[PDB]
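Colleague: Keeping their order, the protein sequence lines are chains G, I and E. So the first sequence is numbered by PDB author numbering: it starts at 3 and just counts up by one. So the second sequence is numbered by PDB author numbering: it starts at 4 and just counts up by one. So the third sequence is numbered by PDB author numbering: it starts at 4 and just counts up by one.
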Amino acid sequence: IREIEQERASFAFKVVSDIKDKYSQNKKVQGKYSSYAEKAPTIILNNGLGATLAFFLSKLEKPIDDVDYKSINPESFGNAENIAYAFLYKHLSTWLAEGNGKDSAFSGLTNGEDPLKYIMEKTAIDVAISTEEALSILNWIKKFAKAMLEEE
Amino acid sequence: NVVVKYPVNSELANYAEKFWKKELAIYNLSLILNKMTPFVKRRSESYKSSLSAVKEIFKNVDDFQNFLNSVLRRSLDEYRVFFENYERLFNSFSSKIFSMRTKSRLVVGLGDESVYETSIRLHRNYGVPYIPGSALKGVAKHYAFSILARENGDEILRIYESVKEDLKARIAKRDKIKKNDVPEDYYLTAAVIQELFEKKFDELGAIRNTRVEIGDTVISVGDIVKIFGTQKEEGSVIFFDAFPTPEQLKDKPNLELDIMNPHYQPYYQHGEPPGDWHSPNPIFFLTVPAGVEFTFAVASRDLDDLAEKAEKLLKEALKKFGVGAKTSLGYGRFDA
Amino acid sequence: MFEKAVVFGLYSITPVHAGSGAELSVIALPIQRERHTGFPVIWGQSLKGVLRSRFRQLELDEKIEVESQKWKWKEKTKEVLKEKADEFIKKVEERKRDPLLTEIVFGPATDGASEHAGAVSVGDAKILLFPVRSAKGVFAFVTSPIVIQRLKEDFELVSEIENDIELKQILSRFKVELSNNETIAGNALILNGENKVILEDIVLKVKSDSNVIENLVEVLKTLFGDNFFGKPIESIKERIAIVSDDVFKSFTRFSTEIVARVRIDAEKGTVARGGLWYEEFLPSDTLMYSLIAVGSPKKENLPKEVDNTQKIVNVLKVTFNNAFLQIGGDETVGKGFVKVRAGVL
RNA sequence: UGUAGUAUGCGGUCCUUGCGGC
């Protein structure tokens, strides 16, 4: 009886604490991350999950169809907006592709494939379930970001 | 010389590219705009999915506007039957209906989050611009607030010195230190008036006898609070959404483009000296052009006189206050 | 138990927000839905409440037409309860008790429930057609095999209630089974030169079948006449798509209206601190069907004009045909307005 | 069991030269 809600909460707490600790000095980075987190579900519901991920990648000045989440470093960007976008993309894609971990209750809907490349050549039902999971995890992430992270 | 990509699933990107190349005929504007958003890559190595970069796939701005308006016009019969049913719904209640043309450009819903970063309120089924009833009610309430503050500023400030002191203390708490600077300008009067109308409605009982001249009629504070309602009492005037008349869409375009060119953007955001070494960052956004005619309707639940007063207030607000976005630049203004 | 049953069809003229209040997802203020399926429904409690409010307003305004004759509640109550006719009237004047006809039909007001039970029983507004954007055929009405199966079950229940087997097999000639990437769509939605359709996010191959869509159109025509809420029913027979169950669930869960609203504070003219929130709305031009069952009234010494159940059936049908009602919240800002049409078999 | 509307109050706002030079 291991509810996925516990995994969602643990992963969201871990990622928000990670960004808080790594960028405790950069208040503007925290504000940008919080704003992007609480605005992402609207973008996903409007234009879809793949469009949202491609929008994040474009804001990262990175090419699409040739970039996965494992090969991006969120801290390797000078701009605060790029920092926050990279962190949000990494967190969302990590939850979608691996979950809280291999040994955890939730291991991610995608086995290990990049969520964008997964969305490119999968059925509508799979991308719908992925969108639902992304909505839930983004809700938890926004909750925790509003909890700890400072507001821009 | 531009590379177009589509982050939608496979076997659908081909149809999206056919729609954007005008090879096929799409009929829903919101569908092509939102669910089939293209990512355009120019000489710069970045797939910017913004209207400024989206328009690069067309010959010019005129071609983009023509394509958008043709897609909008392809659903004219369905929009006509929808507007007929909407008018029937209007006449079902004792609703007063008035038509108003757009004196200047109008844009409602510009602040909505989207891939383009500059959205527009389009009806989901038919893809036509419209004004939500919430926006009309809010603009009418704020016009009433502004009228009350301009006319009865000192009076309400004196009557509610406790409330104005509470607001000043709150502002000092949030707005930096500002221990007692808190200028008693018109904005503070508007804020305390809104606070009275929102959380302190009952204390507004004494003020209810006041009257303010709007247009040719006179409206009481009690009339306004009855119209809009409180946390404990529901409003009596139903504000319906506004939709353009289907006839005008056949001849003149119902959607055009507008540009914002923020020079000195780092000066505004980061703090660099303005100077002139601040190459602009143009951003385009959709907006319904001036002259487009909209139909508004306000219904009553208790008294038709309140409906007439609300109609007059809304007409005055649309003539002076303006609805939509960027109202400080004269956008979203209506004329008789 | 029950005697007759009528079918109420609700066509959402404006977006409808039947609030639920259970927690808050990313799209705050979710609409009420069936938990196990996720399909959006309007619970019987809210529909009965709004119908009762409209009936009370009509009776107090003296606008209810019974047997083509106007109904004055005061004189009828005097003819029924002459001993206490004044006192009961005072209760209506003080809102303690609802007027006579509403108390007969919808049951007595909250101030006193042991006297009798309601003569009417509304049903949950199960969805029938969903408006989904399409590339061709600007928007389409969508249905699912579970939807038509539940409609057939509802028809079976109506036949059992009325002991009329003739109407039982009206829809009993429609069995379907569709893959997740197949649909039975009208000619308008079908792409030109390509046997495929696009429903707002998906390319679906057009499955070839005509009996099912023809029978569905015939059933809708029988239920709601030849006028389908302001337009002829035959004019929309080419804009109907039957999709897979999962696809329909995804449409009902993700294609609903999401409306962002803010509060503007006059101190600065900008959105206030935490003054923004999202609301979920049923899309405009959606169809919800509900069952309204009626039996013998539970009151005593009833007027002759409402003596039997059929006298309630005809009154309800005439008073709730092609009318306009408000469902859910945001009434003041023009949300939740729906055209209601009452039909019988 | 019977009677019972998750409803009322809330503006997707605020901020930006279609320019620079021949």
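Even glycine gets a Cβ: it sits at the ideal position worked out from N, Cα and C.
1. Between the Cα of I/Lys-140 and those of I/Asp-115, I/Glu-20, I/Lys-312 and I/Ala-28, spot the shortest distance and give me the residue it belongs to.
2. Kindly confirm or deny that the region 54–66 of chain G and the region 48–57 of chain I touch, where touching means at least three C-beta pairs closer than 8 Å.
3. By a C-beta neighbour count over all protein chains shown, 10 Å radius and 16 as the cutoff for buried, is I/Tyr-163 buried or exposed?
4. Out of I/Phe-297, I/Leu-191, I/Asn-4 and I/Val-185, which has the shortest C-alpha to C-alpha gap to I/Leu-151?
5. DSSP has I/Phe-288 in a bridge; who is on the other side?
6. Quick check on this structure: which residue in E/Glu-334, E/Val-220, E/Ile-30 and E/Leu-103 has the alpha carbon closest to the alpha carbon of E/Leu-61?
7. Just how far apart, CA to CA, sit I/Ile-227 and I/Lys-315?
8. Can you list, in chain order, the residues of its chain with a C-beta nearer than 7 Å to that of I/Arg-45? Leave out the 5 residues immediately preceding and following it.
9. Should the region 221–241 of chain I be regarded as contacting the region 281–299 of chain I, the criterion being three or more beta carbon pairs within less than 8 Å?
10. Compute the Euclidean distance between the alpha carbons of I/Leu-317 and G/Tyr-25, then round it to the nearest angstrom.
11. By DSSP, does G/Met-122 sit in helix, in strand, or in coil?
12. Could you name each continuous alpha helix (DSSP H) segment of 4 residues or more that falls completely within the region 132–195 of chain E, going from the start of the chain to the end?
13. Using a Cβ cut-off of 8 Å, pull out every chain I residue sitting near G/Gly-52, in sequence order please.
14. Drop a sphere of 10 angstroms on the beta-carbon of E/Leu-27, count the other beta-carbons inside from all chains shown, and report buried for 16 or more, exposed for fewer.
15. Tell whether a beta-carbon distance below 8 Å holds between E/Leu-319 and E/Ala-345.
16. Alpha carbon to alpha carbon, what distance is there between I/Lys-38 and I/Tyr-18?
17. Within the continuous alpha helix (DSSP H) that includes E/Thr-80, where are the two ends?
18. Mapping the DSSP letters down to three states, classify I/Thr-220 as helix, strand or coil.
19. Helix, strand or coil: how does DSSP classify I/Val-6 here?
20. Go through its chain and collect everything with a Cβ distance to I/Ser-223's Cβ below 6 Å, but skip five positions before and after it.
21. Restricting to Cα atoms, I'd like to know which of E/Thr-255, E/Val-150 and E/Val-316 is closest to E/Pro-33.
22. Would you mind reading off the limits of the beta strand (DSSP E) that contains I/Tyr-30?
23. Given this structure, state the Cα-to-Cα distance separating E/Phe-91 from E/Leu-219, to the nearest angstrom.
24. With DSSP run on the structure shown, which of helix, strand or coil describes I/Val-228?
25. For G/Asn-48, which residues in chain I fall below 9 Å Cβ to Cβ?
26. For G/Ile-45, which residues in the same chain have their Cβ closer than 8 Å to its Cβ, ignoring the five residues on either side in sequence?
27. On the CB-based measure, 16 or more other CB atoms within 10 Å of its CB, does E/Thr-113 come out buried or exposed?
28. Quick check on the DSSP output: the beta strand (DSSP E) that includes E/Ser-293 runs from which residue to which?
29. For I/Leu-15, which residues in chain E fall below 7 Å Cβ to Cβ?
30. With a threshold of 8 Å on Cβ separation, who are the neighbours of I/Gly-218 within its own chain once the five nearest residues in sequence on each side are excluded?
31. Give the range of the alpha helix (DSSP H) segment to which I/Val-240 is assigned.
32. Tell me which residues of the region 139–158 of chain I have at least one Cβ-Cβ distance to chain E shorter than 7 Å, keeping chain order.
33. Specify the secondary structure class of I/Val-295 as computed by DSSP and reduced to three states.
34. The beta strand (DSSP E) spanning I/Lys-44 covers which residue range?
35. Compile a chain-ordered list of the residues in the region 265–283 of chain E whose CB is closer than 7 Å to at least one CB of chain I.
36. Am I right that E/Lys-342 and E/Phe-232 are in contact with their C-beta atoms under 8 Å? What's the rounded C-beta distance?
Modeller: According to the structure data:
1. The residue given as residue 140 of chain I occupies position 137 in the second sequence. Among I/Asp-115, I/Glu-20, I/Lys-312 and I/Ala-28, the Cα nearest to that of I/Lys-140 is on I/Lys-312.
2. yes
3. Walking along the second sequence from the start, residue 163 of chain I turns up at place 160. Label assigned to I/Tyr-163: buried.
4. To locate residue 151 of chain I, count along the second sequence from 1; it is residue 148. It is I/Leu-191.
5. Residue 288 of chain I sits at position 285 when you count from the first residue of the second sequence. In the DSSP output, where bridge partners are listed per residue, I/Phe-288 has I/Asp-261.
6. If you number the third sequence from 1, residue 61 of chain E lands on position 58. The option with the nearest alpha carbon to E/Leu-61 is E/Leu-103.
7. For the purposes of this step, residue 227 of chain I is identified with residue 224 of the second sequence, where counting begins at 1. For the purposes of this step, residue 315 of chain I is identified with residue 312 of the second sequence, where counting begins at 1. Those two C-alpha atoms are separated by around 12 Å.
8. In the second sequence, the residue the question calls residue 45 of chain I occupies position 42. Once the five neighbours on either side are set aside, the close Cβ partners of I/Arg-45 are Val-5, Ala-56 and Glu-59.
9. no
10. The residue labelled residue 317 of chain I in the question sits at position 314 within the second sequence. The residue labelled residue 25 of chain G in the question sits at position 23 within the first sequence. Answer to the nearest angstrom: the Cα atoms are 48 Å apart.
11. Taking the first sequence and counting its residues from 1, one reaches residue 122 of chain G at position 120. Helix at G/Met-122.
12. 148–165
13. By 1-based counting over the first sequence, the position of residue 52 of chain G is 50. Here the neighbours are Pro-10, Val-11 and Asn-12.
14. Within the third sequence, numbered from 1, the residue matching residue 27 of chain E stands at position 24. Its Cβ having fewer than 16 others within 10 Å, E/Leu-27 is exposed.
15. What you label residue 319 of chain E is simply residue 316 of the third sequence in a count that begins at 1. What you label residue 345 of chain E is simply residue 342 of the third sequence in a count that begins at 1. Yes. Within cutoff.
16. If you number the second sequence from 1, residue 18 of chain I lands on position 15. If you number the second sequence from 1, residue 38 of chain I lands on position 35. Going by the C-alpha atoms only, they are around 12 Å apart.
17. In the third sequence, residue 80 of chain E corresponds to position 77, counting from 1. Where E/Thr-80 is concerned, the enclosing alpha helix (DSSP H) stretches over 76–83.
18. For the purposes of this step, residue 220 of chain I is identified with residue 217 of the second sequence, where counting begins at 1. Reduced to three states, the DSSP call for I/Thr-220 is strand.
19. Here residue 6 of chain I refers to the residue found at position 3 of the second sequence. I/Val-6 falls in the strand class under three-state DSSP.
20. By one-based count along the second sequence, residue 223 of chain I stands at place 220. Excluding residues within five positions, the ones whose Cβ falls inside 6 Å are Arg-214.
21. Translated into the one-based positions of the third sequence, residue 33 of chain E becomes position 30. Per the Cα distances, E/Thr-255.
22. Here the question's residue 30 of chain I lines up with position 27 in the second sequence. Per DSSP, I/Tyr-30 belongs to no beta strand (DSSP E) and is neither H nor E.
23. Counting from 1 along the third sequence, the entry for residue 91 of chain E is found at position 88. Counting from 1 along the third sequence, the entry for residue 219 of chain E is found at position 216. Taking the straight line from one Cα to the other gives about 49 Å.
24. As a first step, residue 228 of chain I is located in the second sequence; it is residue number 225 there, counting from the start. I/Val-228 falls in the helix class under three-state DSSP.
25. As a first step, residue 48 of chain G must be located in the first sequence, where it is residue number 46. Result: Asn-37, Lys-38, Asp-115, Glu-116, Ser-117, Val-118 and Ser-122.
26. Along the first sequence, read from residue 1 onward, the residue named residue 45 of chain G stands at position 43. Within the same chain, G/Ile-45 has close Cβ partners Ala-53, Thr-54 and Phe-57.
27. Translated into the one-based positions of the third sequence, residue 113 of chain E becomes position 110. The residue is exposed, with fewer than 16 neighbouring Cβ atoms inside 10 Å.
28. Your numbering for residue 293 of chain E matches position 290 in the third sequence. First-last of the beta strand (DSSP E) with E/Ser-293: 290–297.
29. In the second sequence, the residue the question calls residue 15 of chain I occupies position 12. Within 7 Å Cβ-Cβ: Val-206.
30. Working through the second sequence from its first residue, we reach residue 218 of chain I at position 215. Result list for I/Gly-218: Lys-315, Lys-318 and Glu-319, in chain order.
31. As a working mapping, residue 240 of chain I is identified with position 237 in the second sequence. Careful: I/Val-240 lies outside any alpha helix (DSSP H), inside the beta strand (DSSP E) at 240–242.
32. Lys-140, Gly-141, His-145 and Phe-148
33. Taking the second sequence and counting its residues from 1, the one referred to as residue 295 of chain I is at position 292. Here I/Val-295 sits in coil by DSSP.
34. Translated into positions along the second sequence, residue 44 of chain I becomes position 41. Element bounds for I/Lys-44: 42–44.
35. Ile-267, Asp-268, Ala-269 and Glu-270
36. Here the question's residue 342 of chain E lines up with position 339 in the third sequence. Here the question's residue 232 of chain E lines up with position 229 in the third sequence. With a Cβ gap of about 5 Å, E/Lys-342 and E/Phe-232 count as contacting.
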